[PDB]
Structure formats: C-alpha cells, structure tokens
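Notes follow once the structure below has been shown.
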Amino acid sequence: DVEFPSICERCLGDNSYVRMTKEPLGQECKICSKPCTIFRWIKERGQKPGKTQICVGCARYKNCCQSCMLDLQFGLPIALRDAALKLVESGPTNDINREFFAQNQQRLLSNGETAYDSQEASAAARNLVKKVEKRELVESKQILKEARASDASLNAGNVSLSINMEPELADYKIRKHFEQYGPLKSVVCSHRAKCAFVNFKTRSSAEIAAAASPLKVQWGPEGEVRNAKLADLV
Amino acid sequence: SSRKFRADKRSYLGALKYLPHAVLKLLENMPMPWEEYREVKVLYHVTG
Amino acid sequence: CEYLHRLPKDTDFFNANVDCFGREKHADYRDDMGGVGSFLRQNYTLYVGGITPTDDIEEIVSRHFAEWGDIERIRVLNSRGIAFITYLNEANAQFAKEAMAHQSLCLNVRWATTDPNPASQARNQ
Amino acid sequence: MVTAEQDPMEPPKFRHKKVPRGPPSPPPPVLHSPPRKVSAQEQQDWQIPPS
Amino acid sequence: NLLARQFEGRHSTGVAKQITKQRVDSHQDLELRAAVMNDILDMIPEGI
Amino acid sequence: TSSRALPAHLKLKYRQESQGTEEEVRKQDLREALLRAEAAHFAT
Amino acid sequence: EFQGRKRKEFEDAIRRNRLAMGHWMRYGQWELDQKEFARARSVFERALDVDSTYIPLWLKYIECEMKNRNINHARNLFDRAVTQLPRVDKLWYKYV
Amino acid sequence: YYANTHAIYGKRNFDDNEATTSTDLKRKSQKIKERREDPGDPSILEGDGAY
Amino acid sequence: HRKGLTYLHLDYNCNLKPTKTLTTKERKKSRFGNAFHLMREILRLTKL
RNA sequence: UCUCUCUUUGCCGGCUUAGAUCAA
RNA sequence: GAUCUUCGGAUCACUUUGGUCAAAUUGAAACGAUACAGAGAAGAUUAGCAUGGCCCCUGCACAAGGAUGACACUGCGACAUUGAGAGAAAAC
Ligand SMILES: [K+]
Ligand SMILES: [Mg+2]
Ligand SMILES: [Mg+2]
Ligand SMILES: [Zn+2]
Ligand SMILES: [Zn+2]
Ligand SMILES: [Zn+2]
C-alpha cells in the first residue's frame, strides 16, 4: 500500500527507532525519469537529513539502496558491481532508451519473476576473486644504435649495460620506496617509456640512494620508447 | 533578484494564480472618506 | 567553519550518492563534463588542459599535482598542453579537480571521457 | 510515518514527457477455416485497370 | 492553465480537435475514403 | 482546465412512475397493444 | 558513424510509415550484413509486432536466421510461427 | 525513542554519571542555571545589564 | 523572464514596452494572451 | 550436370468555386 | 523558576531545523552575429482545409494562428520457371 522505500540500515541510523516523512510525487526518478514519492529521515542527530533519490522500481531491479546506492548484498557501489562483477546486462545511458528500458523492465519484472538472485551473485563474487588470484601470479642490433648516439651527442646478440656513479606499477609505489632514501619532490613516470625520474632536496640523498646498487635502474611519445624495448633484450 | 531566495521563486510564481483574489480582498476593504487610516487583518505567504 | 579544512586521506570512503567533495552526483554526466561527475561511472582520471610552455610540462604538472593527492598515472601530450592524470581515490581526484581549475601552471580542468584504447580499457577493467 | 504537507501555491513540480507506446501482448493464434481455391480465372476477374 | 502549460508542456499528443466548419469537408472526405477502404477490403475474396 | 470540462448536469435523471419504467413495461402487454394500434391506424 | 547514419535514416523511414514492411525487410538485411544477431532479431520481431500475419516477413526471418547457422533459434521461431498461423501450409512445409 | 536516543548519546560520549528522581531534576537543573548568566531587567536596554 | 523575454520592459505602471526593435521571431515569441494582459490591467488599476 | 543467350512469366499522396487568374 | 506541601515531596511545561540542495567561472534555458541557399500543387502568379507523429511555438482554450506552421507523401520480387536449341560434359 505504497508502504516503504527500501533502505539499508547503514544509512538508516544506528538507532533502532527513527521517524520519516513522505512527499508523494516529490521528485522525478533519477533513472526512471518517473514521478516518485520522496522519503526524508535523520540518520543521527547533527547531520544533514537524508532522502531517497530513486523510485521503488529501481533499487529493486538493481537490488540497491535508494539513498546510498550501495548494493544490499555486498555493500560497494552498484556501478562498480555492474562494471567488474557483470552479473546481468545493464541498461543504456541515453535518455529515451534508458526510460524505455526502465518502464518495460519494471512492467515485466512486477509480473512476478525476480531478476536478482543472490546465489549467482555470490558465485560471481567468488569467480571474480578466483580470476583476480589467477592474475596475481641482426634486426635487434640495427634498432639499438640507430638513435641512442644521436640523442647522446645532441644533449649529453646480447647487450650488457654499464653501472655509473657520476654525481601496472603506479607512481605511489615509487613514492613509498624512496622516502627512506631522502625527501621526495616529484616522481615523473610513464608506463610506455618505463622511465621514472625522481628529484630530491639534496644531491647527497640521491647519491646515497644510488649507491645501494650492486629489477632496478640507476640514472615524441614513441620517440621515448626506443630504449624501453631494451627491456626485451636486457 | 538574489539567489538567497532562489528556492522560493517557483512558489512565488505559483501564487500568480491567486493574485486576483488578493486584489479583490484589497479593494473590498478600501478606507472610506471619513477615516484617515484603516487597519486590516491580513494573511500572507511566509515567502512573501 | 562547518566543513573539513584538511586533505583527504586513504581511508576516507564516502557515500556513493554524495560527492566525496560534499556535492551530489547525477546520472547524465552532462556534455561539458564541468562540475561533478556521474555516479553510473567511476573515472579516477581527469582531463587537465592549459599552457604548453616547454618539454618540462610533465614535471611541472607533477609538482603541481602530487601535493593534491595520491597519483597513479600521468600522461601529458607533448604536442599540446593536454594531460590525463589518473588518481588513486575519488576524494583526492575530485578535490584536485575542483581545486586546480582556473589556476596557473587559466587551467581548463574537466572530467575525462572513455579512453578509446582497447588495451587501456582492458587494464582499467 | 507522516505525510509532509504541500505548499498550496506550489506550481506543477515537473514536466511530463511522452513515451512511445510499449509492445502489446503477443498475438494469439489465428484459427482460420482452410483457405479456398480461387483459380487464375477468378484471379483475373478481380484485376483492376489503372486510372 | 497558463502556469500549468508553463511548468508542464503542451501535452499536444492525445488531444482531440472538434470539427469547426472549416474541417467539415476534409473530414467528410477522410471518412468516405476509410469506408471505401473497408468495402474494398471486404468484397475482395481471400488471396486475391 | 477547459471551459467545457467544468461541472454541469450533476444530477442524473431517472424515469419516473408514469414515464415507462422497467416495472411497467414488464407488466404491460405489448403484443395485443401493438396489434390494436396497427388496426386503429389501418382504419383511417 | 556510417552505421549511425544508415540507422537513423532507416529508423525515420520506418517511423513515418510503420505499415511499410519493405522498409523493415531492408533494415533487417542491412543490419544483418555486419552485426549478425541480437538487434537484428529485435528489429524483425518489432516488425512482427507491427503485423504478425505477414508471411513473407516470417519466411525472410527464417532464412536470415539460417544463413548464420543458428539452428535451435530457427526451430523456436518455427514453433512460434506454426502456433500462430496453423492454417498456412508454407510455414509447415518449410518446417518439415 | 527518547530513552534510546539518550542511551546512544551516553554510549557515544561515555558520560553516564547521573541519576533520576523528582527533586533530582531540579538539582540537575541547578548547576546548569548557575553556569548561565542572569537574565537582564526589561527597560534596561543598552548594555550594562540589558535584558 | 522565465520565457527568455528579457528584452521586454514592464514599467512600474504595468505597461509592456520592448526595449529594442524586435525581429519577427521575437515579436511572435513575445505575444502574451488575454489572461496575462487582463491581469496586468487589473494590477494597473489597483496601483492607480 | 556446367556456361552463355533468347523466349515463356502470374506479377509488386487527398479535398474545394476544373482551388483562382494570366497581353510584347 | 510559580504553586501548594511539610522540609519525604507533589504538581506545570517535554526534542526545532520545507532543504534546485554551502559566499555567483566547472550541474534552473535558448541563443546574438557573421558566411552559404534563400518562399507549397507537373509554365507564371499565387486562396487555402486536411493526413502521420520521439517536431514544435503563441494561446485560457476541445477557437484560431505560426509559409496551407515545419518535415514527410514510392516503388518493390511467398517468380513458378519451362519453352526450346548449341558447344561441353557424363547419359538417353
Ligand atoms: K499561400
Ligand atoms: Mg493552421
Ligand atoms: Mg500544416
Ligand atoms: Zn543505504
Ligand atoms: Zn526508477
Ligand atoms: Zn571551512
């Protein structure tokens, strides 16, 4: 009898006793673009009142919370759920098609069959974590000296490098690696070039950090990747 | 002409429907020639 | 003031409805991608455009961006002053997006669109 | 649970946008009597000339 | 009505328009053509 | 909304006693009445 | 962009005269030349919603399903067609 | 609901060192009153004991 | 002003006068009905 | 049983005072 | 705090916060101008009324207007093939 909106108890307050109001037809569904009733309550004294933002047809076809839109089974954003878990196909993003899908899905879904069962949801969660753990575990000579000497003069089967003392992996990994070798200024990097250049407040920290040497390095777009292919022949 | 009251403009404009009623109630109680001023009981929207 | 005057940290997860900056997130994602992103997609990278003084654009933006939050990927076009810095958390990402607009490096900070690289799409997924 | 009262002066809250009509229920079987034969002669007798 | 049309839209679809002494002929012609279409659809036998 | 949609004729009229309600039509004998009326017309 | 342009032109052409089955047949053919499934079926069954008694459309749909070796799909389509029009022998003959 | 809200606040602030009675209500109010500054006297109106 | 008709000036005596020469498009867009004009004139009388 | 050609081959915008007038 | 009551106490009152959303570049619309063509019915000038809908605008309007408001008004294969000949091929 237009009784309740579905809200999880994380954003329903830690009090088992709360009061809320409804304003019928108070907003257009942010997905259905449909006239829907609003519900306002207080999570806890001292913060701004919450309110429901999506209709009852949604957050049910999505099995989600009308206010926080965290999925009611796992508790992480429904967008990330449908992007990574990929349980069942979602709707479009354009206006007319999205509202058409919302209307027809609400119709065929109130006919009685449920579009969301949690058994397959947990199965897909375990499948995703399994795939994650699975993820966890003369032509070369001519493209070698073709341009290295050119740049070296301009601004400076097997190949073995030299070690000099002249005075997938994000950048924060570099940040928490060099912090014990001296203060950091900026870490400029590029995955394609695979070259990460750091700067310190003093050259003494740089030289003491570089002395730790015996995967590591010591001192256009495609134009910077010529020496990155040396990784294939390192 | 201020955004401080930008939330009330829709209600402010919807009272345009009942404005002629306000005109009738105002003209019905116009002071007569023999009285210098007349105090009228009034009912107003909290929006103004 | 009634709001935090500090920098968001690693464990500062907010509601999906409320923008991590305190605002609210709609669904249509607009056409200029101007003020606040949509909740139907989560992009950790932002388009920053502006000056292209010399080859040191990468380092200057790095200097001007590390202080705003944890950085994941910096990709700055050499031909034009266009960069696509990718952040680690939504809070730092949107804080820097809102906090660096019309600054000196005015900067045209906007929300990035879908990356057409099938490899970048694969790694992002 | 309390129904919040609406402002009497409040105009219509939002626009209404038309939606193309949804698909109907799927058509029933036809159940016709078996078709009769007409033959080419009667096919010709119902042929109309151009105007 | 003015404020409803202002804040809602035309709602042009799904409205009827009475015959008003200028559409009389153009509506009579439409009705006659529809009737003739029905008669054609009927008197022509099956599969012709 | 529209001028012609305003309330009007809010009282539905029912057939009264001598106006030919269902009770009388069931009680009446329509057949011989019809033949008598036809004969009266024929006489003219 | 080319499929978008052709799609928009065909979509208006079928919205203007929704009873023109030739437009739906041509739209299904042109859509079938690259993206062989899913929305092809959508467009075709939309046309059947417009008029399910058009036997040429049913036959065209069957043939278009069989070109791409979808057999069980076509058998389901025949069951629908034969339970819809049991007194036309063309569908029965093609089925058998 | 009043009691549950009070209990939640007490649990959050860990400050539950009070009792309940009839005279105890006035006794609790006494110290909150003495912390308060006095209410001025009307017709004293611009500083120096304004109401 | 919720019609974009910002070039029309409603003076304090309730006269609708354009502030600039209007093209055909503006003139057709800025045409009000009998309700608005009737209410404006009643308001003018009340102000008198 | 192929290839080409010919032939056979049933076949798949409306209304009104014609809307009204008309010399280099 | 007022009232009684007998210095035990009793009365009297009892949980706000209308939120197109935090001090206006980057989440209330819709465009100016310049540059191109640039005014329905088979010659030419031209009355109009209609049909269709994810096209609207003015209007209080189920009047009427906006160029007859604008756009649109076409076209194909549930064709069965045999009727025959010729060189080849495999076949009367
Ligand atoms: K004309
Ligand atoms: Mg008209
Ligand atoms: Mg028209
Ligand atoms: Zn929730
Ligand atoms: Zn919805
Ligand atoms: Zn502050």
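Just so we're on the same page: first chain in the structure tokens is A, next is B, and so on; residues restart at 1 for each chain, and ligands are numbered from 1 in the order they show up.
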
key: Contacts of ligand 2, 8 Å or closer, only C-alpha atoms (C1' of nucleotides) and all ligand atoms, given as a list in words   = residues 64, 65, 66, 68 and 69 of chain K

Within 8 Å of ligand 1, counting only C-alpha atoms (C1' of nucleotides) and all ligand atoms, which protein or nucleic acid residues do you find, written as a PDB file with N, CA and C atoms (P, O5', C5', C4', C3', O3' and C1' of nucleotides), in the first residue's frame?
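And here is the file that came out, out_3.pdb:
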```pdb
ATOM      1  P     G K  40       7.090  28.711 -52.847  1.00  0.00           P
ATOM      2  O5'   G K  40       6.716  27.196 -52.538  1.00  0.00           O
ATOM      3  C5'   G K  40       5.813  26.510 -53.389  1.00  0.00           C
ATOM      4  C4'   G K  40       5.481  25.132 -52.879  1.00  0.00           C
ATOM      5  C3'   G K  40       4.304  24.461 -53.583  1.00  0.00           C
ATOM      6  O3'   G K  40       4.736  23.611 -54.630  1.00  0.00           O
ATOM      7  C1'   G K  40       3.860  24.598 -51.262  1.00  0.00           C
ATOM      8  P     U K  46       3.890  34.895 -55.968  1.00  0.00           P
ATOM      9  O5'   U K  46       2.829  35.156 -54.809  1.00  0.00           O
ATOM     10  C5'   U K  46       1.979  34.114 -54.352  1.00  0.00           C
ATOM     11  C4'   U K  46       0.652  34.116 -55.068  1.00  0.00           C
ATOM     12  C3'   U K  46      -0.512  33.534 -54.285  1.00  0.00           C
ATOM     13  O3'   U K  46      -1.098  34.467 -53.396  1.00  0.00           O
ATOM     14  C1'   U K  46      -0.496  32.646 -56.488  1.00  0.00           C
ATOM     15  P     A K  47      -1.775  33.940 -52.041  1.00  0.00           P
ATOM     16  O5'   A K  47      -2.795  32.825 -52.541  1.00  0.00           O
ATOM     17  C5'   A K  47      -3.332  31.877 -51.637  1.00  0.00           C
ATOM     18  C4'   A K  47      -4.696  32.272 -51.141  1.00  0.00           C
ATOM     19  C3'   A K  47      -5.178  31.452 -49.941  1.00  0.00           C
ATOM     20  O3'   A K  47      -4.989  32.102 -48.703  1.00  0.00           O
ATOM     21  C1'   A K  47      -6.597  31.047 -51.747  1.00  0.00           C
ATOM     22  P     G K  48      -3.763  31.589 -47.806  1.00  0.00           P
ATOM     23  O5'   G K  48      -4.452  31.020 -46.495  1.00  0.00           O
ATOM     24  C5'   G K  48      -4.456  29.620 -46.267  1.00  0.00           C
ATOM     25  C4'   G K  48      -5.726  29.025 -46.823  1.00  0.00           C
ATOM     26  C3'   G K  48      -6.204  27.746 -46.180  1.00  0.00           C
ATOM     27  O3'   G K  48      -6.816  27.978 -44.930  1.00  0.00           O
ATOM     28  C1'   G K  48      -6.482  27.643 -48.533  1.00  0.00           C
ATOM     29  P     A K  67       5.206  30.927 -40.850  1.00  0.00           P
ATOM     30  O5'   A K  67       4.077  30.812 -41.966  1.00  0.00           O
ATOM     31  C5'   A K  67       3.753  31.921 -42.796  1.00  0.00           C
ATOM     32  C4'   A K  67       3.613  31.526 -44.245  1.00  0.00           C
ATOM     33  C3'   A K  67       2.668  30.356 -44.494  1.00  0.00           C
ATOM     34  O3'   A K  67       1.993  30.513 -45.743  1.00  0.00           O
ATOM     35  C1'   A K  67       4.848  29.787 -45.227  1.00  0.00           C
ATOM     36  P     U K  68       0.441  30.930 -45.743  1.00  0.00           P
ATOM     37  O5'   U K  68      -0.345  29.557 -45.928  1.00  0.00           O
ATOM     38  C5'   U K  68      -0.267  28.549 -44.931  1.00  0.00           C
ATOM     39  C4'   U K  68      -1.376  27.537 -45.044  1.00  0.00           C
ATOM     40  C3'   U K  68      -1.173  26.264 -44.229  1.00  0.00           C
ATOM     41  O3'   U K  68      -1.626  26.374 -42.893  1.00  0.00           O
ATOM     42  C1'   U K  68      -1.689  25.690 -46.458  1.00  0.00           C
TER      43        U K  68
END
```

request  = List every residue of stretch 96-227 of chain A that DSSP, applied to the backbone of this structure, assigns to alpha helix (DSSP H), and report them as a ChimeraX atom specification.
outcome  = /A:96-110,118-136,139-142,148-155,171-178,203-210

request  = Could you please tell me, as a ChimeraX atom specification, which residues of chain E have an atom within 12 Å of chain F when using only C-alpha atoms?
outcome  = /E:1-5

inquiry  = Given only C-alpha atoms as the basis, pick out the residue of I:9, I:36, I:25, I:16 nearest to chain E.
reply    = I:36

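The interface of chain A with chain H at 8 Å, considering only C-alpha atoms, consists of residues 15, 17 and 18 of chain A.
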
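The spacing separating atom CA of residue A:194 from atom CA of residue A:219 amounts to 12.9 Å.
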
inquiry  = What residues of the protein or nucleic acid chains come within 10 Å of ligand 6 when you use only C-alpha atoms (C1' of nucleotides) and all ligand atoms? Reply as a ChimeraX atom specification.
reply    = /C:1-6 /K:22

task = Give as number ranges by chain the residues surrounding ligand 4 up to a distance of 9 Å, considering only C-alpha atoms (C1' of nucleotides) and all ligand atoms.
result = A: 6-12, 64-72, 75; C: 15

message = Applying 7 Å and only C-alpha atoms (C1' of nucleotides), which residues near stretch 73-82 of chain K remain after dropping the ones on its own chain fewer than 2 positions away? List them as a list in words.
response =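 Selected residues are residues 56 of chain G; 12 and 13 of chain J.
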
Which residues form the shell of 10 Å around ligand 5 when you count only C-alpha atoms (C1' of nucleotides) and all ligand atoms, given as a PDB file with C-alpha atoms, in the first residue's frame?
```pdb
ATOM      1  CA  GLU A  28      11.471  12.505 -10.834  1.00  0.00           C
ATOM      2  CA  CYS A  29      13.355   9.222 -10.644  1.00  0.00           C
ATOM      3  CA  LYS A  30      16.993   9.846 -11.486  1.00  0.00           C
ATOM      4  CA  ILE A  31      16.879   6.673 -13.594  1.00  0.00           C
ATOM      5  CA  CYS A  32      13.236   6.037 -14.498  1.00  0.00           C
ATOM      6  CA  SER A  33      12.544   9.764 -15.057  1.00  0.00           C
ATOM      7  CA  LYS A  34       9.264   8.826 -13.356  1.00  0.00           C
ATOM      8  CA  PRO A  35       7.099  10.622 -10.767  1.00  0.00           C
ATOM      9  CA  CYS A  36       8.002   9.085  -7.419  1.00  0.00           C
ATOM     10  CA  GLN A  53      16.706   9.563  -4.733  1.00  0.00           C
ATOM     11  CA  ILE A  54      15.436   6.706  -6.922  1.00  0.00           C
ATOM     12  CA  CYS A  55      11.998   5.158  -7.335  1.00  0.00           C
ATOM     13  CA  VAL A  56      10.865   1.829  -5.921  1.00  0.00           C
ATOM     14  CA  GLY A  57      11.059   0.171  -9.324  1.00  0.00           C
ATOM     15  CA  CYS A  58      14.756   0.920  -9.305  1.00  0.00           C
ATOM     16  CA  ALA A  59      16.965  -0.059  -6.353  1.00  0.00           C
ATOM     17  CA  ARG A  60      14.904  -3.258  -6.657  1.00  0.00           C
ATOM     18  CA  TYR A  61      15.619  -4.160 -10.265  1.00  0.00           C
ATOM     19  CA  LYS A  62      19.169  -3.217  -9.257  1.00  0.00           C
ATOM     20  CA  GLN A  66      17.534   4.100  -2.669  1.00  0.00           C
ATOM     21  CA  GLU A  99      13.460   5.367 -19.669  1.00  0.00           C
ATOM     22  CA  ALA A 102      13.203   1.165 -17.097  1.00  0.00           C
ATOM     23  CA  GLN A 103       9.471   1.176 -17.854  1.00  0.00           C
ATOM     24  CA  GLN A 106       9.521  -2.635 -14.266  1.00  0.00           C
TER      25      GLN A 106
END
```

message = Within 12 Å of chain D, which residues belong to chain G? Use only C-alpha atoms and report them as a VMD selection string.
response = chain G and resid 15 42 45 to 53 79 to 89

Requested write-out: C-alpha atoms of the selected residues, as a short mmCIF file (atom, residue, chain, number, x, y, z; two decimals), in the first residue's frame:
```cif
data_model
loop_
_atom_site.label_atom_id
_atom_site.label_comp_id
_atom_site.auth_asym_id
_atom_site.auth_seq_id
_atom_site.Cartn_x
_atom_site.Cartn_y
_atom_site.Cartn_z
CA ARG G 15 8.58 5.57 -38.12
CA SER G 42 14.85 -7.06 -32.16
CA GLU G 45 10.25 -9.01 -34.03
CA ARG G 46 9.31 -5.34 -33.78
CA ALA G 47 8.07 -5.68 -37.35
CA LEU G 48 6.15 -8.83 -36.37
CA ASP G 49 4.59 -6.76 -33.58
CA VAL G 50 3.51 -4.30 -36.28
CA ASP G 51 1.91 -7.14 -38.27
CA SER G 52 2.45 -10.79 -37.35
CA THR G 53 0.31 -12.07 -40.24
CA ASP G 79 7.28 -23.17 -33.26
CA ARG G 80 6.06 -19.63 -32.68
CA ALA G 81 5.11 -19.19 -36.35
CA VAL G 82 3.25 -22.50 -36.62
CA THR G 83 1.35 -22.00 -33.38
CA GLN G 84 0.41 -18.52 -34.61
CA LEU G 85 -0.75 -19.39 -38.16
CA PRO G 86 -1.56 -23.12 -38.19
CA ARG G 87 -3.67 -22.97 -41.37
CA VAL G 88 -0.98 -21.70 -43.76
CA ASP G 89 0.94 -24.61 -45.27
#
```

Neighbours of chain E in chain J at 12 Å, counting only C-alpha atoms (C1' of nucleotides), as number ranges by chain = J: 10, 14-16
